[PDB]
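> Have a look at this one.
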Amino acid sequence: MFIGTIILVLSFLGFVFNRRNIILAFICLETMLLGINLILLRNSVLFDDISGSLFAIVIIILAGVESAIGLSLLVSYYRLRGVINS
Amino acid sequence: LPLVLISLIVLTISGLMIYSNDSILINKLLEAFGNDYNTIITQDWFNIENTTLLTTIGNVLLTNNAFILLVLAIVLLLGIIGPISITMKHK
Amino acid sequence: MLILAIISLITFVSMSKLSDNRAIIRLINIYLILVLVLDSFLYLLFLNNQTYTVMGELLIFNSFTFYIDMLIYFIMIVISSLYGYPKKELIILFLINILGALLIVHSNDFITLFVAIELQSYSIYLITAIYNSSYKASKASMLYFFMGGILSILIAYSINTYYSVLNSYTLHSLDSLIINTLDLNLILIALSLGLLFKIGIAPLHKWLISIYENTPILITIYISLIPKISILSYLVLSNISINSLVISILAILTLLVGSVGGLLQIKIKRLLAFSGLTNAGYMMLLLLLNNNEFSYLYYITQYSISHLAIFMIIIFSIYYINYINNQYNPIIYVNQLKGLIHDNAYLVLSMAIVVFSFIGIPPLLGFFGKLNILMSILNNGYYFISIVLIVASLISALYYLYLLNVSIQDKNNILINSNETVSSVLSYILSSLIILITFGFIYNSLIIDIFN
Amino acid sequence: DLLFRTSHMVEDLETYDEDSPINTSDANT
Amino acid sequence: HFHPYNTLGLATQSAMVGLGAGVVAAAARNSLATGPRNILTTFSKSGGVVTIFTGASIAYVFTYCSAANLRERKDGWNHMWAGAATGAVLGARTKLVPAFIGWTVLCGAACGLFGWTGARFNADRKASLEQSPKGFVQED
Amino acid sequence: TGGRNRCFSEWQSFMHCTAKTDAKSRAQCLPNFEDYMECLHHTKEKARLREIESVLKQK
Amino acid sequence: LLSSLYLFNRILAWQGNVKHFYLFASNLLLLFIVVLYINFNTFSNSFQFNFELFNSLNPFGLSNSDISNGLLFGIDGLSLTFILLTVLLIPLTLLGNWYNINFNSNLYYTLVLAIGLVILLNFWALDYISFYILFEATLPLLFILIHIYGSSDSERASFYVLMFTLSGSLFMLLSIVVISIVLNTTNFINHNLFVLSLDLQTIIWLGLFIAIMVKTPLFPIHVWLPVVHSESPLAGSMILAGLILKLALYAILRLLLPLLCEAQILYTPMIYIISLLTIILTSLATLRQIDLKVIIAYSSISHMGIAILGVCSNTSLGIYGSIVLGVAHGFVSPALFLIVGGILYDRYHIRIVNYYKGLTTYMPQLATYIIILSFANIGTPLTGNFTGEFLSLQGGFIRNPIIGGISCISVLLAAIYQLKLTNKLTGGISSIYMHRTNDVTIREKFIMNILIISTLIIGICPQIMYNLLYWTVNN
Amino acid sequence: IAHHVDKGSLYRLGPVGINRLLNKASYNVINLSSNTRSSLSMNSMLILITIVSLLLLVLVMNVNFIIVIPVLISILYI
Amino acid sequence: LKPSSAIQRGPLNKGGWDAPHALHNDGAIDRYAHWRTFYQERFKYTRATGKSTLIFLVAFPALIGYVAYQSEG
């Protein structure tokens, strides 16, 4: 569980110290959701069959919709598709 | 950067230490870092495993916990209706 | 019967001519009839508040949660009437936001909880930027999205550590485990602080507030109230940490001081945003309890009706300003509505009683919200937190009365020549009349929840 | 104290938590 | 009864707690402006928030254990007479008006009068002392 | 929601302790509970192994 | 039957033909005077709460018939004297303000009539829940009455109310919560019986005590009062109802007997010093102050400070002197404030003293209603007040002789108010005013004269409605 | 001079409308560097400081609860 | 640009017969009164220390007279 906490913490304080490039912050926040699954999957492997790995397939299916709403909302961080502005 | 990130890396290392089992001390903080040292797990042999299955059991649990599947149907529904009604801009 | 309503009216918004001001009348009347013919579950609700569980992971607590979803239906009917009578095609995701909120008020186990808090949060991210021809909403939605993502992985990391210490998931399996391994306590306060993103506890403070001022007023009524009740109703339904073991009390101390020290504000939206923040901070104090939910269940309704009311009153006060702000947001300054008592002063009376609500003068609300709050506190023994709650009430009352004192000074030049704008007036009159006549039936509920 | 606004132009004043520089005085497309 | 405290034993540990708080927080407050530079000049911005933390413990808990040695037996009335000395370091925060530092001393004392222990427990039905037992009723 | 576990064998002798209400006897399940815990994490197993390898280290 | 007054509510609905809505609002209180006077023909003896009404209706919405009486229980007792203080003052406000309505609106009368009924229900309350739900319901009406209709900076004036008398109030909420969670009952008329042991009988005393410290002011805050008195809006209840609103000495007498049978640990080392140095300091604050209403506001603070040391005396003389100050000051001081507001503010619109001096030379009988009334505030050899502060000094000297031995300088400092005031009010030049108008408005004469006769007619002390030491003593 | 003292009692109320009116500007000046643009970075560093300060104060709690300056220094801001 | 709909706003009038206001102003005396009725400016000077300590001391002397003489025998 070193393997998941370290990638989670580095994604987290990458999301803190991110004074460049909004999308690197956005993908660090993405990689949090796979830093957490390396914790979850190895806890399930150290335990058993499907108890936590059900939550793992849930968080994968939902992390998809996370990135989908995040893109389709980042498109509207401005005007829409493109016009005159400043 | 360094003036907060060094302290934050230390505090989050202590958080990974706080994931340890039950000791109300700093002994558990050192215990998880030595978790590989005293131990190598022992596998076993097949006592009555009839049918072969790896992610089949995931769908068996997805049948037992069917309601979260029918609700993440709704979250995928939201994942398609939202980007319509936030970017299409109907006329 | 919400899923059937959603799948019906997503098909109904499909193949629609983009009239899109009638479908909300159908959703309003549908939720009205659903409440009117689904209140019959209250007889089968409680002999001794007997819980009922869907498939092991979802819980129906017939005294608490069966009131919470009724409040959700009620305030949704009010919002749906507020959009009737400037809009885009959105009530589908209003209803699915409701579906997520009701799942987290019914969620026994963390898989359902996490799915539903994230469904709910995605709904908030979307509703923030449906009005996409803004520069306010464009910034606010992305800010809400990124921090909801952080707080989402904080949720999931709390519960993943919870799974790492115990191979179960249910809090039904916590079952007064009194050996109380210390990481169970730390996991649980981490899950508490994770769910407490929405209240904007004073270190997590400022970020919600710019979002509330950067949404249109027809939206910031909806998301200063839905997750405010939702995540806390989960948090009181299961009492995670019996006391604070000083972690949460510090959070509410710096909240209820350090958000009421946010006194001087000229923007209206900021002002009642801090109001809805600190009155949400109130009900965090009986998250610090055990076996106490009556004060919480009463304080939600006997806050949220009035929160809805003051937003509806400053909706009605757009008509009287002789200036407006941006296309999406009309009335952001306090000093816009100066001489309102020389306009239709009956709504000034309503605004008066719903702000005297929030300060808690006795005979309408505060002697029945804050009295139950304080008896729940002093039942436990949190003697210091009582007097800091009192200080919070006084200093909150100061910027509350700021609204009434700017409301009724003197008008420059406006009295009367107009047409009418009504038939939603019975909604605001219903909320104001239920605010200042609850002292009549303040004992019937005391018996009814004693039998549930 | 007290402040008020009825005319907002030359926007983006930095030194404020939230200033009187609004978001839609005029738009562009 | 009670036990008198190790005044140095609390004192040096509290001073290290205050200095660690001055490192982890009073140097974290460097996000606030656009004067950038990282390490050598952070404490140019932040010399006036360090020892506001570290001096606070040396003011407070030193006074607290000394009061426990003077008016003994561990009463809450130590705290009101403790935290006033904390106001003295608050007085060193603002050397403008000594009337205002006496003001902040007495108000910090009244603040310290109450914060003895938040989230008290083991009071199942609280706030009912009981008299000597003669089949008592008016408590719980 | 508990698949065929490598630690299922300590639910029953924990849950049959909480079949009767001895979780309000508050200690009758603690041997059962911490045996469930040693099925979970093998803590005292691991301390026992650390002890015997320390004895190995001094030969 | 039931709807015999809802038909009269139809009379009120059609009565807005004549658009004043004022004469009906006076005749309503005029009928309320008789509706209290017939009620005064009942409380004979036996010293229990005579009438009864539940009015929160545990098994109804408006009735009183149950066996599990989870309701408000609004009823009468030996409080009734204050009720007989009240209903002869409630029209007397409105008639005192009948002319200078200041036509922004008529609803001013509805506000004054509203709090006039609300503090009647305060006197008709019994329970801690019931007394609290009326003890601050006045305050929104007070706030609207200060905010509009005030003269000075109303944003400065009105907020001091809902700062302070809400502050002490929701401190009283702590004590009400604690005694409602110990007893799980609050029927203060029916519970002079508790095994409440001390050291948790003590902090509830503190929680009640700083509340009534705010209401009847003491030297921690007493600036609450005189700026409400400074910007005093619209003569009738500019002061007079907010002057009877500080008859929360009914709280210190109705409460603080029935479950403070052991509070002598904090009786003498707290109340007497905090009373005595108000009667010294706050009464001494009227020398240089120049507003004409502030100098009698401080006199009101002084009279109530005398009265509460009478209250805390454990002697029946002290209690009875306190109650008769509660009626006596509520007679004399509303008359003085009606003088300075109704016929001396309206003549001049100015409340300072420095260019205000000089009367008796164009307003003759105004000064004759000044000097005897200011003597009735002075202490007055006959009963305007006298036997009030007399018996209060008696009880205060009995319980503790030294602080009474300083507290008898109250009569000196009472003289310091008016006898500095009056001679530099009636000094015959009047060279900055323009010889304004008639003094008595022939109805202002009635409103001053009714309170003057009501003060003076308490000579034979009528104690019939008060078995005085019914429940306030100790062995 | 008794009146002059009675205005020192307003100096127990004037500052309630003045020291709170310094507390408001002190509370609104913190985390308000950019505050119109770039508001993500303020809040992200802020919640880092949240989890660091809160976990560190849990560590301060369960060693010596008498050390109650870490909240009192936080009240030095507002 | 669309704002401020067609509700015709008149001019309001607080109404009375004209007061002859049979006085004068005395602007310096109004200045003195307005200086009296405001005490923002109480800067806690060196005389104010003697004042506030005199109030607290007159409290303390009456206290030590009272609580040590609760009973006269």
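By order of appearance in the structure tokens: chains A, B, ..., then residues from 1 within every chain, and ligands from 1 in the order shown.
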Using only C-alpha atoms, find the residues of chain E whose closest atom to chain D is at most 12 Å away, then write them as a PyMOL selection string.

chain E and resi 32-34

> Could you save those same residues with C-alpha atoms as a tab-separated table (two decimals), in the first residue's frame?


chain	number	residue	atom	x	y	z
E	32	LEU	CA	-0.85	35.69	0.03
E	33	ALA	CA	0.93	38.05	-2.37
E	34	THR	CA	3.07	38.39	-5.49

> Which chain G residues are at most 6 Å from chain I (counting only C-alpha atoms), as an mmCIF file with N, CA, C and O atoms, in the first residue's frame?


data_model
loop_
_atom_site.group_PDB
_atom_site.id
_atom_site.type_symbol
_atom_site.label_atom_id
_atom_site.label_comp_id
_atom_site.auth_asym_id
_atom_site.auth_seq_id
_atom_site.Cartn_x
_atom_site.Cartn_y
_atom_site.Cartn_z
ATOM 1 N N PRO G 269 -23.245 39.197 47.937
ATOM 2 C CA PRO G 269 -22.014 39.686 47.303
ATOM 3 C C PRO G 269 -22.150 40.010 45.826
ATOM 4 O O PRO G 269 -21.155 40.413 45.216
ATOM 5 N N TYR G 433 -36.324 80.526 21.946
ATOM 6 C CA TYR G 433 -37.568 80.053 21.363
ATOM 7 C C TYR G 433 -38.466 81.243 21.052
ATOM 8 O O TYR G 433 -38.188 82.376 21.443
ATOM 9 N N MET G 434 -39.556 80.984 20.337
ATOM 10 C CA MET G 434 -40.434 82.055 19.888
ATOM 11 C C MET G 434 -41.844 81.905 20.440
ATOM 12 O O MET G 434 -42.825 82.126 19.725
#

> Determine, for each residue of chain I having at least one atom at most 7 Å from an atom of chain C, the closest pair of atoms and their separation in Å to one decimal, counting only C-alpha atoms; order by chain and ascending number, as CSV.


residue,atom,partner,partner_atom,distance
I:3,CA,C:324,CA,6.1
I:4,CA,C:322,CA,5.2
I:7,CA,C:418,CA,4.7
I:8,CA,C:417,CA,5.0
I:9,CA,C:414,CA,4.3
I:10,CA,C:414,CA,5.0
I:11,CA,C:413,CA,4.4
I:12,CA,C:413,CA,5.8

> Those same residues, written as a PDB file, in the first residue's frame with N, CA and C atoms?


ATOM      1  N   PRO I   3     -33.792  46.635 -19.022  1.00  0.00           N
ATOM      2  CA  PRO I   3     -33.789  46.922 -17.594  1.00  0.00           C
ATOM      3  C   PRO I   3     -34.986  47.780 -17.223  1.00  0.00           C
ATOM      4  N   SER I   4     -35.405  47.660 -15.956  1.00  0.00           N
ATOM      5  CA  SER I   4     -36.195  48.665 -15.238  1.00  0.00           C
ATOM      6  C   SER I   4     -37.540  48.934 -15.920  1.00  0.00           C
ATOM      7  N   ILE I   7     -43.246  50.188 -14.800  1.00  0.00           N
ATOM      8  CA  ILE I   7     -44.022  50.600 -13.636  1.00  0.00           C
ATOM      9  C   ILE I   7     -43.699  52.053 -13.312  1.00  0.00           C
ATOM     10  N   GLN I   8     -44.699  52.924 -13.403  1.00  0.00           N
ATOM     11  CA  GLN I   8     -44.470  54.362 -13.336  1.00  0.00           C
ATOM     12  C   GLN I   8     -44.273  54.784 -11.889  1.00  0.00           C
ATOM     13  N   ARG I   9     -43.042  55.138 -11.542  1.00  0.00           N
ATOM     14  CA  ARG I   9     -42.689  55.493 -10.175  1.00  0.00           C
ATOM     15  C   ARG I   9     -42.874  56.991  -9.977  1.00  0.00           C
ATOM     16  N   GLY I  10     -43.690  57.356  -8.998  1.00  0.00           N
ATOM     17  CA  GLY I  10     -43.978  58.748  -8.698  1.00  0.00           C
ATOM     18  C   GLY I  10     -42.949  59.284  -7.703  1.00  0.00           C
ATOM     19  N   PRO I  11     -43.222  60.449  -7.125  1.00  0.00           N
ATOM     20  CA  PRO I  11     -42.411  61.009  -6.054  1.00  0.00           C
ATOM     21  C   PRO I  11     -43.227  61.005  -4.771  1.00  0.00           C
ATOM     22  N   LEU I  12     -42.624  60.537  -3.684  1.00  0.00           N
ATOM     23  CA  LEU I  12     -43.319  60.377  -2.415  1.00  0.00           C
ATOM     24  C   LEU I  12     -43.246  61.654  -1.589  1.00  0.00           C
TER      25      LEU I  12
END

> May I ask you to extract the residues of chain H within 9 Å of chain B, using only C-alpha atoms, and to give them as number ranges by chain?

H: 48-49, 51-52, 55-56

> Taking only C-alpha atoms into account, find every residue of chain E that has an atom no more than 12 Å from chain G, and write it out as an mmCIF file with C-alpha atoms, in the first residue's frame.


data_model
loop_
_atom_site.group_PDB
_atom_site.id
_atom_site.type_symbol
_atom_site.label_atom_id
_atom_site.label_comp_id
_atom_site.auth_asym_id
_atom_site.auth_seq_id
_atom_site.Cartn_x
_atom_site.Cartn_y
_atom_site.Cartn_z
ATOM 1 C CA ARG E 125 -27.647 12.710 31.095
ATOM 2 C CA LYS E 126 -25.653 15.801 31.883
ATOM 3 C CA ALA E 127 -25.953 18.721 34.298
ATOM 4 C CA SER E 128 -27.754 17.041 37.179
ATOM 5 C CA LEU E 129 -25.724 16.718 40.320
ATOM 6 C CA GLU E 130 -27.375 14.439 42.833
ATOM 7 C CA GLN E 131 -27.508 14.962 46.583
ATOM 8 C CA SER E 132 -26.982 12.282 49.226
ATOM 9 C CA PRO E 133 -28.962 9.183 48.309
ATOM 10 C CA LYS E 134 -32.381 9.006 49.988
ATOM 11 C CA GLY E 135 -34.239 7.635 46.930
ATOM 12 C CA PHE E 136 -33.405 10.731 44.908
ATOM 13 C CA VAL E 137 -35.666 11.927 42.110
ATOM 14 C CA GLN E 138 -34.702 15.451 40.972
ATOM 15 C CA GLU E 139 -31.576 14.478 39.057
ATOM 16 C CA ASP E 140 -30.723 11.634 36.688
#

> List every residue of chain C that has an atom at most 9 Å from any atom of chain A, giving for each one its closest atom pair and the distance in Å to one decimal, counting only C-alpha atoms, sorted by chain and then by ascending residue number, as JSON lines.


{"residue": "C:111", "atom": "CA", "partner": "A:55", "partner_atom": "CA", "distance": 6.4}
{"residue": "C:114", "atom": "CA", "partner": "A:59", "partner_atom": "CA", "distance": 8.8}
{"residue": "C:115", "atom": "CA", "partner": "A:62", "partner_atom": "CA", "distance": 7.7}
{"residue": "C:118", "atom": "CA", "partner": "A:62", "partner_atom": "CA", "distance": 8.1}
{"residue": "C:119", "atom": "CA", "partner": "A:62", "partner_atom": "CA", "distance": 8.8}
{"residue": "C:122", "atom": "CA", "partner": "A:69", "partner_atom": "CA", "distance": 7.3}
{"residue": "C:125", "atom": "CA", "partner": "A:69", "partner_atom": "CA", "distance": 7.9}
{"residue": "C:126", "atom": "CA", "partner": "A:73", "partner_atom": "CA", "distance": 7.6}
{"residue": "C:129", "atom": "CA", "partner": "A:73", "partner_atom": "CA", "distance": 7.6}
{"residue": "C:132", "atom": "CA", "partner": "A:76", "partner_atom": "CA", "distance": 6.8}
{"residue": "C:133", "atom": "CA", "partner": "A:79", "partner_atom": "CA", "distance": 6.8}
{"residue": "C:134", "atom": "CA", "partner": "A:79", "partner_atom": "CA", "distance": 7.6}
{"residue": "C:135", "atom": "CA", "partner": "A:78", "partner_atom": "CA", "distance": 6.9}
{"residue": "C:137", "atom": "CA", "partner": "A:77", "partner_atom": "CA", "distance": 8.6}
{"residue": "C:138", "atom": "CA", "partner": "A:77", "partner_atom": "CA", "distance": 4.8}
{"residue": "C:139", "atom": "CA", "partner": "A:77", "partner_atom": "CA", "distance": 6.1}
{"residue": "C:141", "atom": "CA", "partner": "A:73", "partner_atom": "CA", "distance": 7.6}
{"residue": "C:142", "atom": "CA", "partner": "A:74", "partner_atom": "CA", "distance": 6.7}
{"residue": "C:145", "atom": "CA", "partner": "A:70", "partner_atom": "CA", "distance": 7.2}
{"residue": "C:146", "atom": "CA", "partner": "A:26", "partner_atom": "CA", "distance": 7.4}
{"residue": "C:149", "atom": "CA", "partner": "A:29", "partner_atom": "CA", "distance": 6.8}
{"residue": "C:150", "atom": "CA", "partner": "A:29", "partner_atom": "CA", "distance": 6.9}
{"residue": "C:153", "atom": "CA", "partner": "A:33", "partner_atom": "CA", "distance": 6.8}
{"residue": "C:156", "atom": "CA", "partner": "A:36", "partner_atom": "CA", "distance": 7.8}
{"residue": "C:157", "atom": "CA", "partner": "A:36", "partner_atom": "CA", "distance": 6.6}
{"residue": "C:160", "atom": "CA", "partner": "A:40", "partner_atom": "CA", "distance": 6.2}
{"residue": "C:161", "atom": "CA", "partner": "A:40", "partner_atom": "CA", "distance": 8.4}
{"residue": "C:163", "atom": "CA", "partner": "A:52", "partner_atom": "CA", "distance": 7.3}
{"residue": "C:164", "atom": "CA", "partner": "A:43", "partner_atom": "CA", "distance": 6.0}
{"residue": "C:167", "atom": "CA", "partner": "A:47", "partner_atom": "CA", "distance": 7.3}
{"residue": "C:168", "atom": "CA", "partner": "A:51", "partner_atom": "CA", "distance": 7.8}
{"residue": "C:169", "atom": "CA", "partner": "A:52", "partner_atom": "CA", "distance": 8.6}

> For a quick test of understanding: name the residues of chain A lying within 8 Å of chain H when counting only C-alpha atoms, and present them as a ChimeraX atom specification.

/A:13,15-19

> Save the residues we just selected, N, CA, C and O atoms, as a compact mmCIF listing (two decimals), in the first residue's frame?


# COMPACT_ATOMS: atom_id res chain seq x y z
N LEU A 13 -0.33 16.69 -3.96
CA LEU A 13 0.48 17.90 -3.85
C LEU A 13 1.03 18.35 -5.19
O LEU A 13 1.63 19.42 -5.27
N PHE A 15 -1.45 18.64 -7.38
CA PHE A 15 -2.62 19.48 -7.53
C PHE A 15 -2.52 20.72 -6.65
O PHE A 15 -3.19 21.71 -6.92
N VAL A 16 -1.71 20.68 -5.60
CA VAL A 16 -1.51 21.90 -4.84
C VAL A 16 -0.56 22.84 -5.57
O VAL A 16 -0.90 23.99 -5.85
N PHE A 17 0.63 22.36 -5.90
CA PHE A 17 1.67 23.22 -6.44
C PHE A 17 1.65 23.10 -7.96
O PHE A 17 2.49 22.46 -8.58
N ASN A 18 0.66 23.76 -8.55
CA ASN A 18 0.32 23.63 -9.96
C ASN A 18 0.12 25.00 -10.59
O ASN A 18 -0.86 25.25 -11.28
N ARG A 19 1.09 25.90 -10.41
CA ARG A 19 0.96 27.28 -10.85
C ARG A 19 1.14 27.45 -12.37
O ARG A 19 1.40 28.56 -12.84

> Select from chain I everything DSSP, run on the backbone, classes as alpha helix (DSSP H), then give the selection as a VMD selection string.

chain I and resid 27 to 36 46 to 66

> Mind pulling up the distance from CA of residue 28 (chain B) to CA of residue 178 (chain C)?

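Calculated distance between CA of residue 178 (chain C) and CA of residue 28 (chain B) is 20.2 Å.
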
> How close does each residue of chain C get to chain B, giving the shortest atom pair and distance in Å to one decimal for every residue with an atom at most 9 Å away, counting only C-alpha atoms, sorted by chain and residue number, as a Markdown table?


| residue | atom | partner | partner_atom | distance |
| --- | --- | --- | --- | --- |
| C:18 | CA | B:91 | CA | 8.2 |
| C:54 | CA | B:67 | CA | 8.8 |
| C:55 | CA | B:65 | CA | 7.3 |
| C:56 | CA | B:65 | CA | 8.5 |
| C:57 | CA | B:65 | CA | 7.7 |
| C:58 | CA | B:67 | CA | 8.8 |
| C:88 | CA | B:85 | CA | 8.5 |
| C:89 | CA | B:85 | CA | 7.0 |
| C:90 | CA | B:85 | CA | 7.5 |
| C:92 | CA | B:81 | CA | 8.9 |
| C:93 | CA | B:78 | CA | 7.4 |
| C:96 | CA | B:74 | CA | 7.8 |
| C:100 | CA | B:71 | CA | 8.8 |
| C:111 | CA | B:68 | CA | 7.4 |
| C:112 | CA | B:68 | CA | 5.9 |
| C:115 | CA | B:72 | CA | 7.0 |
| C:116 | CA | B:71 | CA | 8.0 |
| C:118 | CA | B:75 | CA | 8.5 |
| C:119 | CA | B:75 | CA | 5.7 |
| C:122 | CA | B:78 | CA | 7.8 |
| C:123 | CA | B:78 | CA | 7.7 |
| C:126 | CA | B:82 | CA | 6.2 |
| C:127 | CA | B:82 | CA | 8.8 |
| C:129 | CA | B:86 | CA | 6.9 |
| C:130 | CA | B:86 | CA | 5.4 |
| C:131 | CA | B:86 | CA | 8.1 |
| C:132 | CA | B:86 | CA | 6.9 |
| C:161 | CA | B:19 | CA | 6.3 |
| C:162 | CA | B:19 | CA | 8.9 |
| C:164 | CA | B:19 | CA | 7.9 |
| C:165 | CA | B:21 | CA | 6.5 |
| C:180 | CA | B:22 | CA | 8.8 |
| C:181 | CA | B:22 | CA | 5.1 |
| C:182 | CA | B:22 | CA | 6.3 |
| C:183 | CA | B:22 | CA | 6.5 |
| C:184 | CA | B:22 | CA | 8.6 |
| C:186 | CA | B:18 | CA | 8.0 |
| C:187 | CA | B:19 | CA | 8.4 |

> Do you know which residues are at most 10 Å from residue 71 (chain H) counting only C-alpha atoms, after dropping those on the same chain fewer than 4 positions away, and could you put them as an NGL selection string?

(:C and (250 or 253-254)) or (:H and (57 or 67 or 75-76))

> Atoms to include: C-alpha atoms. Write the selected residues as a short mmCIF file (atom, residue, chain, number, x, y, z; two decimals), in the first residue's frame.


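And here's out23.cif as it stands now:
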data_model
loop_
_atom_site.label_atom_id
_atom_site.label_comp_id
_atom_site.auth_asym_id
_atom_site.auth_seq_id
_atom_site.Cartn_x
_atom_site.Cartn_y
_atom_site.Cartn_z
CA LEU C 250 -12.63 22.83 16.37
CA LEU C 253 -15.63 26.76 16.37
CA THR C 254 -13.56 28.28 13.60
CA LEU H 57 -3.28 19.30 15.60
CA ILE H 67 -1.33 23.12 24.65
CA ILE H 75 -7.91 33.57 16.38
CA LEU H 76 -5.06 36.08 15.98
#
